[PDB]
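# Tertiary structure, described
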Amino acid sequence: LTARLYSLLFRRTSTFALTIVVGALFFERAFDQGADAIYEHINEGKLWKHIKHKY
Amino acid sequence: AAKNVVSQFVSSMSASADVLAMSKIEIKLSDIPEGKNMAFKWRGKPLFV
Amino acid sequence: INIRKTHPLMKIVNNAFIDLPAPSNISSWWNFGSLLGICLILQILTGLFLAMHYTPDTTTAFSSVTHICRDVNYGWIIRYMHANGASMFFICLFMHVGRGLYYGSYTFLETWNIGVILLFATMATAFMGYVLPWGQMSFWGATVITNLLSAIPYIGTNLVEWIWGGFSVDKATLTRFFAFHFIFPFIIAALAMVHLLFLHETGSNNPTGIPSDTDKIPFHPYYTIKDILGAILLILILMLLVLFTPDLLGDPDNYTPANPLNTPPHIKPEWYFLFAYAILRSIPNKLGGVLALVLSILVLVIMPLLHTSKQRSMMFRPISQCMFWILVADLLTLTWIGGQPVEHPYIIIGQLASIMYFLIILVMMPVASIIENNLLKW
Amino acid sequence: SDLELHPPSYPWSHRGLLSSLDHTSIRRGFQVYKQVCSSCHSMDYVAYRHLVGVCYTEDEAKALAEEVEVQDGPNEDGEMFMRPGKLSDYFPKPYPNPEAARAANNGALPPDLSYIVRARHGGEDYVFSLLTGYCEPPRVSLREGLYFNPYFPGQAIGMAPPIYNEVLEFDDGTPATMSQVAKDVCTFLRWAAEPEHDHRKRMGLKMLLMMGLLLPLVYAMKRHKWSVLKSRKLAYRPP
Amino acid sequence: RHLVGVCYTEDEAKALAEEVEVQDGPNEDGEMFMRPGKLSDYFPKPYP
Amino acid sequence: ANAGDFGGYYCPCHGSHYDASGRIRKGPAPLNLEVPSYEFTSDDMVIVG
Amino acid sequence: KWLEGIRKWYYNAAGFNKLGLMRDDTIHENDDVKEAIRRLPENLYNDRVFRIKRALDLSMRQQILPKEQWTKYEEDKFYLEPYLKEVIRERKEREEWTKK
Amino acid sequence: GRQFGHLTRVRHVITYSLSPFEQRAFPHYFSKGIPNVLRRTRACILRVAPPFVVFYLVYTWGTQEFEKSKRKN
Amino acid sequence: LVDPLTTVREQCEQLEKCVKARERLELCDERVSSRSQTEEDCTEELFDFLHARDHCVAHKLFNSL
Ligand code: HEC
Ligand code: HEM
Ligand code: HEM
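First things first, this report covers the structure right here in the doc.

Parameters and conventions
Residues numbered from 1 in each chain as written, not as in the entry; some residues may be left out. Chains lettered and ligands numbered in written order. Part of a larger assembly, values for the part shown. Heavy atoms only, no water. Disulfide = S-S within 2.5 Å. Helix = DSSP H or I, 4+ residues; strand = E, 2+ residues; numbered from the N terminus. Buried < 20%, exposed > 50% of the residue type's maximum accessible area, 1.4 Å probe, protein only. Contact = heavy atoms within 4.5 Å. Buried area = accessible area lost by both parts, 1.4 Å probe. Salt bridge = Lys/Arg side-chain N within 4 Å of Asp/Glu carboxyl O. Polar contact = N/O pair within 3.5 Å; in protein donor to acceptor, adjacent residues only side chain to side chain. Nonpolar A, V, L, I, M, F, W, Y, C, P; charged D, E, K, R; others polar. Pairing = 2+ DSSP bridges.

## What to know about the state of the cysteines
Disulfide: a covalent bond connecting the sulfur atoms of a pair of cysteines. This structure, assessed with the given rule, holds 2 disulfides over all chains. Between the sulfur atoms of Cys12(I) and its disulfide partner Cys56(I) the distance amounts to 2.0 Å. With a gap of 44 residues between them, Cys12(I) in helix α1 (residues 4–12) and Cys56(I) in helix α3 (residues 44–59) connect regions that are remote in the sequence. Grouping residues by exposure puts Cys12(I) and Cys56(I) together as buried. Residue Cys28(I) pairs covalently with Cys42(I) via a disulfide, S to S 2.0 Å. Classification of the bridge connecting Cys28(I) and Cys42(I) rests on its S-S torsion, roughly -115 degrees, and on that basis the disulfide is left-handed. Of this pair, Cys28(I) sits in helix α2 (residues 16–34) while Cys42(I) sits in the loop between α2 and α3; the two residues are 14 residues apart in sequence, bridging distant segments of the chain. One exposure class covers both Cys28(I) and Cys42(I), and it is buried. In this model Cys69(C) remains outside any disulfide bridge; the closest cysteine sulfur is found in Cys39(C), 20 Å from its own. Judged by relative accessible area, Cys69(C) falls into the buried class, the value being 11%.

Here you go:
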């Protein structure tokens, strides 16, 4: 849970750099998904995508 | 030589020649009704009548 | 032996950022050195992008700024970073000065004087930058402060027609202030290096004022992550200010174009220069007003010459502590009075606030100090 | 007099700390501005390419631009003919000169509506109450050349009240009261003032999720590396 | 005004610049109007 | 114009109470208003320099 | 006299009996005070640097000592004042010899 | 001000320091932090705030007197 | 056309502050009708009435609109 994580990705340094790059990309993907989800969830209605769907 | 170079740079920062091309005008007062002010641009400042 | 302790660059980096002996006691108030440094390089970078998209002429300056804030990608956030970074820059500058005045760090002489010269330079730079957008407030601010320079007899009027670039605020004034605003922060960076050099000569301070020669800890990696924490807090304050209420501090009256005929009623600085403008219009005399302003910042020069106490900090002197908080509330009162119109209660308490400012500094600090020197049998 | 009046606090749809504008309301306000307010004022810095993705589609943008023919350069002859204008034009200025603007009104330069939201004390609520509260003076007659409206420094505007109950009757049902046209033109002026309110609120939301993430954790690293000095202990041995 | 000290006096160059129309900008009503022009005028553009 | 406390010219910057004649009553104004070189020509005009 | 009551309340509320410091642990150091610190016996000097290091520790944690270890006004062993008086007297004597 | 080594002179002083991986991150952050912040607040508000309540009184009184000067008319 | 704004404005002046402002404006009308041909011409009463009325309009309008 934590012991395997330290045994894999935190003894060497290059593996730590590799996992911070891969984690930054996964965080990019999931974070932009969550950000657009929340922002077009609190402004439902008056946003240009639904008005485009009228047309 | 140093004081002449300083004098030429200070005179470079003084003014221009086309800025010194500002002179007289004639202004009309016929349009204004009672108790009111009219402004006219002259040397970069307003001009009250 | 080592890369770091022999190389000519890394000896400088070693005596700055790694093995500088810093005291183990300094609170959060000793973060604003690094916060002013990070704000200064952030101003330089974001202003450099704005200067890549800017055309300095009185015909097209406001049009070019509107072109930045509409048409260029992200020019609106870079412009808002520049303006509110100026605002947070002066917040951290006055907190830096308040630290250095309260904890008795004005017993340093040469660092303090180079500090005051940096204060002059940053104030002149931020005023020239505030002239640059070429709005109505910028036009009249340039006009009134240039006539304030014309207030002095025998030097003034020639000097002011000399820096006017003509006979009023013409094209040449906008280009002159673009060039000096676009050069002066590099001089501010060089004098900041000189400031930091005299500091690393002497040695830092601590909240007790006792010299901490026994308990120095290295700068890295304790205060480096402390300054990273301070930088993250500053960037979140700056960015919430530029992304939620960008107009909460800025002037509404800027956004009209420069008409030299109107003279709006509520003329005022941007909010950091209110007390400089409040000392001015609360004295009914021209030379007296401009001389009292210059004497205010020269009173900040004077301040090391009145350390007649025998502790160092004001941590242990409660009387001078209460008088310092009266001084802080009085400066905030001057800022509020400067940010108002001019009528009868405002006239009276503006005059009274300026008088009480000079009375607190030039009289009340040594009287509190001599009651301290008497009271503990010294 | 110089008794200014602060306009009231109106519950807008862009009032909250994360709410967005209403793009259908921006579109209605632009139809209002095309058919009412563009006869006197000017909105120099709003080009038609700003209207392509925000409210309309691209086709009606070309339609609206080819409704009004503006100007073009020489046709290798020096005659300055009329171009329909595809998308890159700014909006057509009604008056060329400021003197031309004074030469058809009682003095009274019409202010430019690109920045009237951000340029006056009080936001678009000032524009709402200025468009709304036309009433009568109790006793003060001024010259009968100007009109009375109390949300104004000087208390006498030179603008005729340009709304008066269904002058437009636009696309959908939505009958033109004073309220609908004033709400739409305030929303449109807020859009024309800040073109990027929506993307600003988007980055503000991403930033609040940032400072939800990082601020426990940079502070956790600081607490961790400073947890050596927060627990070191001392003792004094003499010989 | 460059010719005011080089190859003419002041009055002669004022005559030579009052011989030519300028088409200055607006007035109170503000279409445009021509002007003699003393010194602030360049050499005016035979083909626009 | 038409402001201050005397029915005249009020400078809003620091509070120079001038009037429609142009004389200071309270404020940091050192002198009164600036007089031009104005000369009346016959019907409606005045040369300003 | 009540001025001694003022002095006792002031030594209570001054904040340097809180951190375990005595009267002469908080003195600002110019050249004269540096000389008077260098003119000390060894045991007082070691006790002084120990109290100073405890004060910097307690202000680093911003924790202030329990009730049973505050320095009390009745046992105020101020010690640095005679050496500091001797430094001031010799300095003023040297200054007067330069003036005349 | 210089580097380490030649600053001061210390006799016998013993310093113990625990490893940072050994000890917790936040030692009792909500059983001592709240009494410490209430103690440091109670030892400062009587020297900080009585100028600021005077500023609050000046702000309210100046607002009231400007409304006094303008609300008769 | 059925205007909503005039409906809200006629239905919101029932509150006590707006009533007292209405009588303030009417007593100023009585004053300048009484001291006729004067130079004190009913400013504060009308501004205070518009202040109170438009604030109660601000409280409870945009639900309907
Ligand atoms: C021609 C008759 C106009 C029409 C149609 C509209 N406006 Fe107007 N407006 C006009 C003038 C001559 C003036 C100037 C009056 C002055 O003294 O400034 C104005 C003024 C405005 C203002 C600014 C007023 C202020 O607060 O200083 C605004 C915001 C404004 N006008 C908006 C506006 C809108 C939104 C219109 C369409 C519905 C509109 N005006 C029509 C002249 C005319
Ligand atoms: C141009 C803006 C300034 C910058 C960038 C700046 C930068 C710094 C930095 C980086 C430090 C070292 C870190 C610190 O001690 O906080 C410092 C220290 C200091 N500065 Fe400045 N400074 C500026 C303006 C001033 C001003 C105006 C003064 C007042 C005159 C001043 C007085 C001091 C003092 C007294 C110290 C030592 C503080 C201490 O050791 O505790 N500085 N400055
Ligand atoms: C050398 C570095 C700098 C550059 C290149 C720079 C560049 C610019 C430019 C191009 C502008 C015009 C854009 C605008 O007005 O928004 C500007 C404005 C401004 N600058 Fe700077 N600047 C620099 C440093 C600073 C500093 C150090 C400050 C003060 C902290 C400052 C404060 C301002 C202010 C207040 C404005 C007006 C902003 C506004 O009203 O929109 N600038 N600067």
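Moving on, there is more to tell.
## Notes on unusual backbone geometry
Looking along the chain, the bond that leaves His220(C) and enters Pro221(C) is cis, with omega of -5 degrees. Along the chain, the position of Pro221(C) falls in the loop between β2 (216–218) and α9 (223–243). The phi angle at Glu166(D) is positive, at roughly 70 degrees, despite the residue not being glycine. By the secondary structure assignment, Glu166(D) is in the loop between α5 (124–132) and α6 (178–193). Under the relative-accessibility criterion, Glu166(D) is labelled partly exposed at 37%.

## Overview of the interface of chain D and chain H
Contacts between the two partners involve 16 residues from chain D, matched on the other side by 17 residues from chain H. Note on chain D versus chain H: buried area summed over both sides is about 1,400 Å², and carbon and sulfur give 60% of it. Between the two partners, chain D and chain H, sit 0 salt bridges. Our count for the contact surface shared by chain D and chain H stands at 5 residue pairs in polar contact. Breaking the side of chain D that touches chain H down by element, the ones donating at least two residues are α7 (197–225) and β1 (233–236) of chain D. Its residues placed into classes, the side of chain D that touches chain H shows 9 nonpolar, 3 polar and 4 charged. Bridge count between β1(D) and strand β1 (residues 13–16) of chain H: 4 bridges; the pairing is antiparallel. Paired with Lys233(D) across the bridge in β1(H) is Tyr16(H).

## Quick notes on the interface of chain D and chain C
Across the contact, 36 residues belong to chain D and 35 residues belong to chain C. Of the roughly 3,400 Å² buried at the junction of chain D and chain C (both faces included), carbon and sulfur atoms supply 70%. The interface formed by chain D and chain C holds 3 salt bridges in total. In this structure, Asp247(C) engages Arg118(D) in a salt bridge whose closest nitrogen and oxygen atoms are separated by 2.5 Å. Run the count over chain D and chain C and you get 11 residue pairs in polar contact. Breaking the side of chain D that touches chain C down by element, the ones donating at least two residues are α4 (116–119), α6 and α7 of chain D. Sorting elements by how many residues they give to the side of chain D that touches chain C places α7(D) first, with 13 residues. Partitioning the side of chain D that touches chain C into residue classes produces 21 nonpolar, 5 polar and 10 charged.

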